[PDB]
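To start, the structure itself, in structure tokens.
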There are 4 protein chains.
Amino acid sequence: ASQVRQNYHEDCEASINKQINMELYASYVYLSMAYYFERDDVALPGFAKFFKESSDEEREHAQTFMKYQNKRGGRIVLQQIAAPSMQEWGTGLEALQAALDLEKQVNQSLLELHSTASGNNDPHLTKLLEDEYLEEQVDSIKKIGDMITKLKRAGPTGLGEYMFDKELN
Amino acid sequence: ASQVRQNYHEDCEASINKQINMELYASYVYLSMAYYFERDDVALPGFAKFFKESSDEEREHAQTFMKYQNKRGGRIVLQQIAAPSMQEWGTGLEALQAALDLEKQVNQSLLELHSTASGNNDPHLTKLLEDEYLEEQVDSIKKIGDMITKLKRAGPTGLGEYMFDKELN
Amino acid sequence: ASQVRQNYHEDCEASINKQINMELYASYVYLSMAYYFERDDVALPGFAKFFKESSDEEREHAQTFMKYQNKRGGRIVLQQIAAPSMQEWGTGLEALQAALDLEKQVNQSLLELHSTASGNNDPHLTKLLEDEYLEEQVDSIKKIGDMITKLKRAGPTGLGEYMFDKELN
Amino acid sequence: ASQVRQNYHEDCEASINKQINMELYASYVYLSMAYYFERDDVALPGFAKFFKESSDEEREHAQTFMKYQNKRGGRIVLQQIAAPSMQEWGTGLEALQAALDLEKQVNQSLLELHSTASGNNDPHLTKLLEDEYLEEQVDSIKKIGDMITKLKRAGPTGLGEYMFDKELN
């Protein structure tokens, strides 16, 4: 094994490679949403900027996991990034709802990784997950939940969507 | 011919003169719209400021073509500038729709000028049109399309028009 | 069609969507290389830094094409991003040789898109390819070529590779 | 017992005192290495500076453990600091290999400390170990692994060792 590998279980190594792929997939979905909201027949620059930032954020999640893999002496094995399930995302509300669903799927996968890590007694990996991932996941789920509630209060369509979009820009 | 004239076909020279006139016409249309939106019974200062800037820009386009005619050794021949098709432009949406129609007619004329230039093997003129005109035209058509979409979302009339107009100011 | 679409052929729209996928694929290849060279048994941080910049660059090219698609009124279709077929890149020299091959494949695709745009008399699209893509692609190929020659002179393995890597930091 | 003591098991108290000693010992080993590389017949100032800073870091680790013991109301028990296992450390590569082995032994002891704290349900102590020790230990082992790989590429003896020394200085 690697000259640095210590207390690093193969199941944790494999699960991190899967998490890297999932993070990159979530980044690709948000990129799709970002440019969907800059279509001339959609034109929601606030939503676009929100998802463009989420897209950068999830790519840096993936990169932190790749760096982690190397830190522990595992092997990065990259897999194909699936195309987003949609190419057209609907109203701003439906995009937020699909985003909230994606964030909770990511959160679930992250909690399964934490359970794998505790089960193999890897305090370094559980710490990583708690400080670098689980905390941000709960914040973004709270933020997206808040946004859905406000957008339903404002609209969710027509003038209320137009105004709510402004608070994101 | 001029001491400077070289590889400058007569059809290209005449097309530039026609384009100058079309540019000045478009500037006159936007000047009409600009002050229409400052009527006391219209009172949309954001629309007025948007069209005022468009009027200055299209006059800058006409001057660049006049400067180009002289650079190449052609003769500027100015023609009468037609009065705008309208004196009253209706709602802000109707003004935007007529503007998008005008921008696409200018774009069509510019692509016809580019085809004339290509057919006469004038790389200096095709570069001019690509870098100084075709690019801004596409950006301008995209901007106006976005604004139509946002105004339909917000209004198009009543409070939503009042709020969208603020976005322009 | 789109309220903004004008002189935008269906084949150019489709070829732009394929180009987007190729840029994203090229970005993924360079991401693979960047973290390959941070493995504890490779430890080439200059190479890693060079390929990480290349990866960000390719992703910005993909986004410029997506923005372009929206400007013209076409529709972005995103497909799966294949993983690199071979992720054990070997020495730094072998990675540069693979990068040069990939850059030339991208260039050849970019030139076929230009021929499609020219065959369809789309001067706005050829201008985009010439100014935003073909110039940067030739400069990139020339740089990697230079790097290959310099590394073959320094090494290409052992102390010369170690010294050449510091020139990239 | 101390007025501040609470949920602090005597087995964790005793292990903290052992870890203090190991930290002081590792600090002593790096001090030996540092001044070994300043012998007139060795003269590797970069290596010397790297181990000096390493010696200062391990001493600080020992003091944070002593500060932690008092925080919890445990009692610091200091013992002899054993002589370093060697007086002469061979080549720069042999010094790094010995340092990598020592860091993995220290990491092993820290992980056993964590399992003792976990088995006694002391979350305050598992947090200390995760945030203050386990994280920097994995980073230090990765750092040293990279360095061994870099020095094997450069040298590991002769001009390559001389050149690698400069990157540490």
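In the structure tokens, the first chain shown is A, the next is B, and so on; residue numbers restart at 1 for each chain, and ligands run from 1 in the order shown.
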**OP:** Compute the set of chain A residues within 8 Å of chain B, using only C-alpha atoms, and express it as a list in words.
**Re:**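 Per the criterion, chain A yields residues 39, 40, 41, 42, 43, 44, 157, 158, 159, 160, 161 and 162 of chain A.
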**OP:** Can you check which residues of range 119-163 of chain A DSSP gives as helix (DSSP H, G or I) on the backbone and send them as a count of residues only?
**Re:** 38
**OP:** Go ahead and compute the interatomic distance for CA of residue 94 in chain B and CA of residue 138 in chain B, in Å to one decimal.
**Re:**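 Here the two named atoms are 20.3 Å from each other.
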**OP:** Name all residues at most 9 Å from residue 22 in chain D (count only C-alpha atoms; drop same-chain ones fewer than 5 positions away) and give them as a ChimeraX atom specification.
**Re:** /D:17,27,62,81,106,109
**OP:** May I ask which of the residues A:38, A:20, A:105, A:72 is the closest one to residue 124 in chain A, counting only C-alpha atoms?
**Re:**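 Using only C-alpha atoms, the shortest distance to residue 124 in chain A belongs to A:72.
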**OP:** Work out how far CA of residue 32 in chain C is from CA of residue 67 in chain C, in Å to one decimal.
**Re:**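 Result for CA of residue 67 in chain C versus CA of residue 32 in chain C: 25.6 Å, one decimal.
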**OP:** Check the smallest atom-to-atom distance from each of C:129, C:101, C:35, C:165 to residue 64 in chain A using only C-alpha atoms, then report the winner.
**Re:**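 Among C:129, C:101, C:35, C:165, it is C:35 that comes nearest to residue 64 in chain A.
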Subject >> CA of residue 25 in chain B to CA of residue 166 in chain B, straight-line distance in Å >> reply: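 Rounded to one decimal, the two atoms are 27.6 Å apart.
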Original post:
Which neighbours of residue 59 in chain C fall inside 8 Å, counting only C-alpha atoms, when residues of the same chain fewer than 4 positions from it are skipped, and could you give them as a PyMOL selection string?
Top reply: chain C and resi 23-24+27+55+63
Take the residues from that selection and put them in a file with N, CA, C and O atoms, as an mmCIF file, in the first residue's frame.
```cif
data_model
loop_
_atom_site.group_PDB
_atom_site.id
_atom_site.type_symbol
_atom_site.label_atom_id
_atom_site.label_comp_id
_atom_site.auth_asym_id
_atom_site.auth_seq_id
_atom_site.Cartn_x
_atom_site.Cartn_y
_atom_site.Cartn_z
ATOM 1 N N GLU C 23 -15.569 20.206 -24.334
ATOM 2 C CA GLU C 23 -14.843 21.069 -23.402
ATOM 3 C C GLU C 23 -14.942 20.534 -21.979
ATOM 4 O O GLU C 23 -13.947 20.518 -21.241
ATOM 5 N N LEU C 24 -16.143 20.103 -21.572
ATOM 6 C CA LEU C 24 -16.323 19.565 -20.229
ATOM 7 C C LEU C 24 -15.530 18.288 -20.057
ATOM 8 O O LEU C 24 -14.972 18.032 -18.983
ATOM 9 N N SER C 27 -12.003 19.272 -19.624
ATOM 10 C CA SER C 27 -11.831 19.770 -18.265
ATOM 11 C C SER C 27 -11.666 18.620 -17.278
ATOM 12 O O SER C 27 -10.858 18.699 -16.344
ATOM 13 N N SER C 55 -7.688 22.791 -16.337
ATOM 14 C CA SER C 55 -9.027 22.261 -16.088
ATOM 15 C C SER C 55 -10.043 23.380 -15.894
ATOM 16 O O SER C 55 -11.134 23.355 -16.476
ATOM 17 N N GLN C 63 -18.545 27.032 -20.523
ATOM 18 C CA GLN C 63 -19.555 28.009 -20.112
ATOM 19 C C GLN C 63 -19.724 29.125 -21.144
ATOM 20 O O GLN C 63 -20.834 29.636 -21.339
#
```
Original post:
Leaving out residue 33 in chain B and any residue of its chain fewer than 2 positions from it, which residues lie within 8 Å of it when counting only C-alpha atoms, given as number ranges by chain?
Top reply: B: 29-31, 35-37, 48, 51-52, 88-89, 95
